[PDB]
Protein chains: 2
Amino acid sequence: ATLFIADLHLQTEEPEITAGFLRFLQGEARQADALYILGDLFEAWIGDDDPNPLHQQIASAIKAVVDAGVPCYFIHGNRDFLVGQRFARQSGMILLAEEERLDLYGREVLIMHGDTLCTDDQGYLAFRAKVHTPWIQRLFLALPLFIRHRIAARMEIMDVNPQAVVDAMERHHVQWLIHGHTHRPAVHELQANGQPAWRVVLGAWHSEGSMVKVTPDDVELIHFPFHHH
Amino acid sequence: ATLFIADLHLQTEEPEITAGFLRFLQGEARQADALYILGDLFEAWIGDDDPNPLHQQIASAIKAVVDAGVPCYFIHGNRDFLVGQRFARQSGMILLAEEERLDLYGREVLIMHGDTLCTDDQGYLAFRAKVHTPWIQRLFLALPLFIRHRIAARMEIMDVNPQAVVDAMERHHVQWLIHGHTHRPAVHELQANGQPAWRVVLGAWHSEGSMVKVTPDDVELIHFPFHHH
Ligand SMILES: Cc1cc(C#N)nc(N2CCN(S(=O)(=O)c3ccc(NC(=O)c4cc(CN5CC(CN)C5)ccc4N(C)S(C)(=O)=O)cc3)CC2)n1
Ligand SMILES: Cc1cc(C#N)nc(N2CCN(S(=O)(=O)c3ccc(NC(=O)c4cc(CN5CC(CN)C5)ccc4N(C)S(C)(=O)=O)cc3)CC2)n1
Ligand SMILES: [Mn+2]
Ligand SMILES: [Mn+2]
Ligand SMILES: [Mn+2]
Ligand SMILES: [Mn+2]
């Protein structure tokens, strides 16, 4: 049971989601082989030096799971691309690249956030290009926190381009893609590498949580309500 | 692990779905405590005397699960309201009423197909009234098969009315509703009986299968692709 979650959008204004996530980490995650968070863990991020107490509660909760012997990994989303090595160290999470090919019990699965598949939004992709330029990140991060805050203040999700999906799955020569970003949880069948292929999409956390569970024989998208209190 | 499925729409034209369902019965269902099929098992039904070979393949498959010690139950959908005691006997399924209150490990859950919640479609509800009138059923069933076939030949699903949902859950004084019909798989939070309540909606089988799994502590909506061949 390797688990994948994404699009939690954690924030001070939404304690119910935080509580749901902690319940998950304390419970489900402990039994897993591993946990991958495929981005948008946080609703926003202006750097690891944010003293926001939510960041340390979450880091602790995740580190307790790493310490229990369950490795956690993180791929950045569009919201939390500035999560850095200091958060990694406090949470014990390992930071991965924007695309990764896993070998899950012999099954080869491409994981990403999914925003890069959304090639029909020039708007977003121009933005992403800039905020992913390292010197623009280093610049922003060197501003005083209170100014980073002011900047962020001012600041419908386009769905994936079908071709971009195929291309990605072909580049990795894979039959399996898990991603988030779009907040449209679903299982999709398609063709890639001349064969049947599946794109499994995670949901955002608000009413419910969602995960993907990958076992030797099965791949399941699971929704769960926040009922267990 | 009590399981709920619905909206399979089984038919000769869709062998892939049949194969997916058989895989499920041979696999997942065997480990369950029980299986509830909440309607639209079949795309159509003109009476238990249909010699359609698909009907006997399915009856056998389900009966093998009943025989393995896993009780199967059926609530009619809008498509297969004419499933009768002869199919029940051949499949070993027990036929339930349009609404049922289960006690699942101390948790009280209302199950139905869901069509009765769709009170905004007069069209459909007028139709349903008539085709559920026993003498209109007895009439239709007494016509020669070939004429039933001719009749069926000529023959967007409206979503649930939010109030009808509340009313149903209030009538049964329940915090949990599982249903199908709408083909919009999801978990929904609402208020009923002055408290948090959840409506869990199953999906139709085409790309994927879906189930709801109810355990002592958890209620999960699960999508799964047809990958395991
Ligand atoms: C390195 C650096 C520099 C500067 C500066 N200087 N600022 C930062 N921020 C750090 C991150 N924070 S943040 O966490 O608060 C954040 C804020 C907004 C987004 N925006 C998008 O991701 C985004 C954006 C668009 C397109 N932009 C064009 C149009 C603007 N006119 C819209 C469309 C959709 C979106 N997403 C789908 S969406 C709908 O989820 O937001 C992302 C992160 C803000 C400051 N970083
Ligand atoms: C007892 C008896 C008598 C007679 C007669 N004599 N016929 C039968 N049939 C047995 C069942 N078969 S069936 O299995 O082939 C079947 C066919 C159609 C439906 N129709 C609906 O369920 C239905 C219908 C509408 C509304 N009707 C009004 C409008 C018609 N002008 C549309 C809207 C939506 C629908 N559903 C959501 S939908 C979109 O899924 O179909 C159901 C079962 C047909 C014969 N039974
Ligand atoms: Mn998101
Ligand atoms: Mn995103
Ligand atoms: Mn249906
Ligand atoms: Mn139906």
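Every residue number used here counts from 1 along the chain in the order it is shown.
How was it done? The header gives X-ray crystallography, 2.0 Å.
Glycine is no exception: its Cβ is also placed from the backbone N, Cα and C atoms.
Among B:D40, B:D48, B:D217, B:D218, the residue that Swiss-Prot places alongside B:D7, B:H9, B:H183 at the Mn(2+) 1 binding site is B:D40. For the Mn(2+) 2 site, Swiss-Prot records B:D40, B:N78, B:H113, and the single candidate of B:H172, B:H173, B:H181, B:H188 listed with them is B:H181.
Taking the mean position of the Cβ atoms of B:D7, B:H9, B:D40, B:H183 as the Mn(2+) 1 site, the remaining residues of that chain whose Cβ falls within 8 Å of it are B:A6, B:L8, B:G39, B:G77, B:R79, B:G180, B:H181, B:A204, B:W205. The two recorded residues, B:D40 (Mn(2+) 1 binding site) and B:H113 (Mn(2+) 2 binding site), show a Cα separation of 8 Å. Residue counts for the expression tag (B:227-229) under DSSP, split into helix (H, G, I), strand (E, B) and coil, are 0 helix, 0 strand, 3 coil.
Among the binding-site residues B:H9, B:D40, B:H181, B:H183, the ones whose Cβ sits under 6 Å from an atom of ligand 6 are, in sequence order, B:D40, B:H181. Taking the C-alpha positions, the distance from B:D7 (Mn(2+) 1 binding site) to B:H181 (Mn(2+) 2 binding site) comes to 6 Å.
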